[PDB]
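Here the Cβ positions follow ideal geometry from the backbone for every residue, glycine too, while neighbour counts run over all protein chains shown. Every number in this text was worked out from the coordinates using simple rules, so none of it is lab data.
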């Protein structure tokens, strides 16, 4: 009864907020940014994207080295080492390069959008900005949000490119697989307009829900540096619940 | 705990969904239970369990200590006199060691039980060939035990 | 205006599940992607390895699903329940005009029209009014069988026409069935 | 400022290469297209397991694809629509006259 | 907000329980129970790789 | 000519047909 | 009856007798 009603109130308040973040989101994009916006916009790419680049190559190199390592050894027993190039491509492209690219991005830059705005909340460096007079929704939010949208499809292609080229390195350089059957296994089965293009349309709505939460949950948080970490998980928790919760609608609309 | 169940439920639903449809064309729907188990257990439940753990609690150990550095929370503790290496570090580090193998088993358990839900409840696969596919190929002392020894040095 | 954010916070979260069920149309697990589908049944003797949600083809065009597979031990036969997508196994204004004039000239020819009742004016409209009420495409001696999808595929119902002269409505039962093929008896009966 | 003009300009360098990798070394639309390609059609009985955009061959050479696979309830069949090539399937003018008077050799074929 | 709290709890609790139930059911025991399961026998010479709990 | 219809067609043959091929 | 032993059966043939019967 007591704790139950407590949790109820909790859920209600949470849902109420969420809605808010919607009311924030229109107010950022439905205004034309001024001069000086692009200069911070480049620096946010310098902050979010270029710093995120060194990570996803290594985890890109890894997963191809694993996925072409183990399925083949069971698959070679019947007749197929030529379908190695298909199974590495069609599971990275339509399944993992949307999903696992974001969970490394929600890791690095899904935090550093919150704690950089959890920065300006504790020392009132948000409040001073309003008091001098800017609006941080134009100043420190909108160049942050517009880099977050752009830079993730700019990475998840980069990710899967080394993802496939990684699995080539285990195949032809150590397992001795035929090069021609490797690539022409892919060429026949991986169309462009149905897989790589629809691997992007997954990665855009995986970029919006990951970066809009990580902006809002750093803005409307109380400046307590304990709860700056409980606000930190609600970036990651609500991202990973929704970046996985909206794969299953996006897999069904594309195919099935 | 609330995170790794959902991403645990997910990856089994995917890995048993797509490899089978190419594998069914020759003779094998009974090796579905093996390929889901032996790639989760010896390959992913060490790796992908940490990258969700380094996400949540790999941050909240830093920012909780990046808390006490900015307001000199740390410095006041030394000044009153404790040592935070005994006080606020050692109970943090000893939970971090313990709690990750306590999760990555929990992760892969729903990871396998997730892929059962797509198989027998939607793809109509035989239950007996499902489990006895695993019991012949997945030993305990070489896979599940050595899936833990990976997860300790990953923790 | 503190309830407004709350109201939009409901307005989004009920909308997100609504589109989430909108993807549950075309995904194919729940619901059918069939424009005015209609059920038919058939009775086999061997439905080995034939799951629900199977494929039903005419010559290679998938025109149906499989819903339930039932037995009846008093006769020890199988009974398959399936619906067909019909706007392409069902006729329309061109073909209904085509088939009505076809069978009344061919099946009801001088072998049949000049061996009949006294007034050949009411029965001529009887052959056409017995056909408008949801005729499908499938003749009187078309057979249904179980294929194997190539060499190592998975089983699916193959509807094969036999040409025939009379069709069947939405609710009937195909009377020319045969079970699957099996390598157990065949290698014994070959060696 | 000056590093930022470098470190995101070098980022759009790499993304363009990794898109070039997918387009021109992996997927089918890497130029797969013949000259004046015309279309024909044919009717079948078993088109079991035949996706659109398949291959068409004459001696094992990829001369075209399959466009659309329709059924017709007017006669209980399946009618395949496919486009061949126009150069590898039509004779050139030199090859035309080579067989045209040879068809006149076929026409005036004695009797 | 008595009403609010109560309502919130209600939905929450219901959902949670139902979910956990179904989940635990889709595995191991819980539900797995035939009806009128008698038992017959047969005796062969070469089973050859037959398994327990087959079909 | 272009746009004609090729005659004399025969479709695919599978495991459910190779029984009919021998006997 | 619910409890009997079905007398008339036949065992399965392995692939090895298939080899010997093949030649």
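A few points about this structure:
- Residue A:13 satisfies every condition listed in (1) more than 14 Å from chain E (Cβ to nearest Cβ); (2) part of a helix (DSSP H, G or I); (3) surrounded by 14 or more Cβ atoms within 10 Å (Cβ to Cβ) except (1).
- Test result for residue C:84, over 30 Å from residue A:12 (Cα atoms) and touching a residue at least 12 places away in the same chain (Cβ under 8 Å): yes
- You will find that of D:60, D:49, the residue that is under 23 Å from residue A:189 (Cα atoms), assigned to a loop (DSSP other than H, G, I, E, B) and more than 13 Å from chain F (Cβ to nearest Cβ) is D:60 and no other.
- For the range D:1-42, filtered to residues that are free of Cβ contacts under 8 Å to residues at least 40 places away in the same chain and within 20 Å of residue D:89 (Cα to Cα), the residue that is surrounded by the most Cβ atoms within 10 Å (Cβ to Cβ) is D:32.
- Taking the range A:102-119 as the range and being facing chain B (nearest Cβ under 10 Å) and outside any helix (DSSP H, G or I) as the test, only A:114 passes.
- Residue within the range A:28-41 that is within 8 Å of another protein chain (Cβ to nearest Cβ) and in contact with a helix residue (DSSP H, G or I) (Cβ under 8 Å, 6 or more places away or on another chain) present: no
- Restricting A:100, A:76 to those that are surrounded by fewer than 16 Cβ atoms within 10 Å (Cβ to Cβ) and either more than 27 Å from residue A:204 (Cβ to Cβ) or within 19 Å of the chain's Cα centre (by Cα) (or both) reduces the list to A:76.
- So residue A:85, is it in a helix (DSSP H, G or I), touching a helix residue (DSSP H, G or I) at 6+ places or on another chain (Cβ under 7 Å), buried (at least 17 other Cβ atoms within 10 Å of the Cβ) and within 14 Å of chain D (Cβ to nearest Cβ): yes
- Of all residues in the range C:169-186, those that are closer than 27 Å to residue F:18 by Cβ have Cβ atoms under 6 Å from Cβ atoms of residues that are in a loop (DSSP other than H, G, I, E, B), 6 or more apart or on another chain, in C:179/C:45; C:179/C:46; C:180/C:46; C:180/C:48.
- Search result, residues across the range D:80-96 that are surrounded by fewer than 17 Cβ atoms within 10 Å (Cβ to Cβ) and closer than 18 Å to residue F:1 by Cβ: D:81, D:86, D:87, D:88, D:89, D:90, D:91, D:92, D:93, D:95, D:96
- Test: residue in the range D:20-42 that is more than 14 Å from chain F (Cβ to nearest Cβ), touching a helix residue (DSSP H, G or I) at 6+ places or on another chain (Cβ under 6 Å) and not in a loop (DSSP other than H, G, I, E, B): yes
The rows are residues; the columns are (1) under 21 Å from the mean Cα position of the chain (by Cα); (2) within 10 Å of another protein chain (Cβ to nearest Cβ); (3) under 30 Å from residue A:14 (Cα atoms).
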{"site": "A:169", "(1), (2), (3)": "no, no, no"}
{"site": "A:173", "(1), (2), (3)": "no, no, no"}
{"site": "A:189", "(1), (2), (3)": "no, yes, no"}
{"site": "A:206", "(1), (2), (3)": "yes, no, yes"}
{"site": "A:214", "(1), (2), (3)": "yes, no, yes"}
{"site": "A:220", "(1), (2), (3)": "no, no, yes"}
{"site": "A:240", "(1), (2), (3)": "yes, yes, yes"}
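- Verdict on residue B:153 being surrounded by fewer than 17 Cβ atoms within 10 Å (Cβ to Cβ) and closer than 29 Å to residue E:49 by Cα: no
- Checking the stated criteria, residue D:89 turns out to be within 13 Å of chain F (Cβ to nearest Cβ) and in a loop (DSSP other than H, G, I, E, B).
- When residue C:108 is tested against the conditions (1) within 14 Å of chain D (Cβ to nearest Cβ); (2) free of Cβ contacts under 8 Å to residues at least 24 places away in the same chain; (3) crowded, with 17+ Cβ neighbours inside 10 Å, the lone failure is (1).
- Taking the range C:92-119 as the range and being closer than 28 Å to residue D:74 by Cβ and part of a loop (DSSP other than H, G, I, E, B) as the test, the residues that pass are C:92, C:107, C:108, C:109, C:110, C:111, C:112, C:113.
- For residue B:109: the one exception among (1) within 16 Å of residue B:4 (Cβ to Cβ); (2) touching a residue at least 40 places away in the same chain (Cβ under 8 Å); (3) surrounded by 19 or more Cβ atoms within 10 Å (Cβ to Cβ): (3)
Listed here are the residues, each with its yes/no results for (1) within 13 Å of chain D (Cβ to nearest Cβ); (2) within 29 Å of residue B:46 (Cβ to Cβ); (3) in a loop (DSSP other than H, G, I, E, B).
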{"site": "A:77", "(1), (2), (3)": "no, yes, yes"}
{"site": "A:80", "(1), (2), (3)": "no, yes, yes"}
{"site": "A:93", "(1), (2), (3)": "yes, yes, no"}
{"site": "A:100", "(1), (2), (3)": "no, yes, no"}
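- Qualifying positions in the range A:124-147 - farther than 20 Å from residue A:20 by Cα, in contact with a helix residue (DSSP H, G or I) (Cβ under 8 Å, 6 or more places away or on another chain) and away from chain D (no Cβ under 14 Å): A:125, A:129
- Applying the criterion of being part of a helix (DSSP H, G or I) and touching a residue at least 40 places away in the same chain (Cβ under 8 Å) to the residues of the range A:44-53, the residue that is nearest to residue A:207 (Cα to Cα) is A:49.
- Single residue of B:7, B:21, B:59, B:67 found to be within 12 Å of chain A (Cβ to nearest Cβ) and under 30 Å from residue C:147 (Cα atoms): B:21
- Extreme residue, nearest to residue B:23 (Cα to Cα), among residues of the range C:115-138 that are in contact (Cβ under 8 Å) with a residue 12 or more places away in the chain and loosely packed, with under 15 Cβ neighbours inside 10 Å: C:134
- Residue match in the range C:140-162 (condition: part of a helix (DSSP H, G or I) and in contact with a helix residue (DSSP H, G or I) (Cβ under 6 Å, 6 or more places away or on another chain)): no
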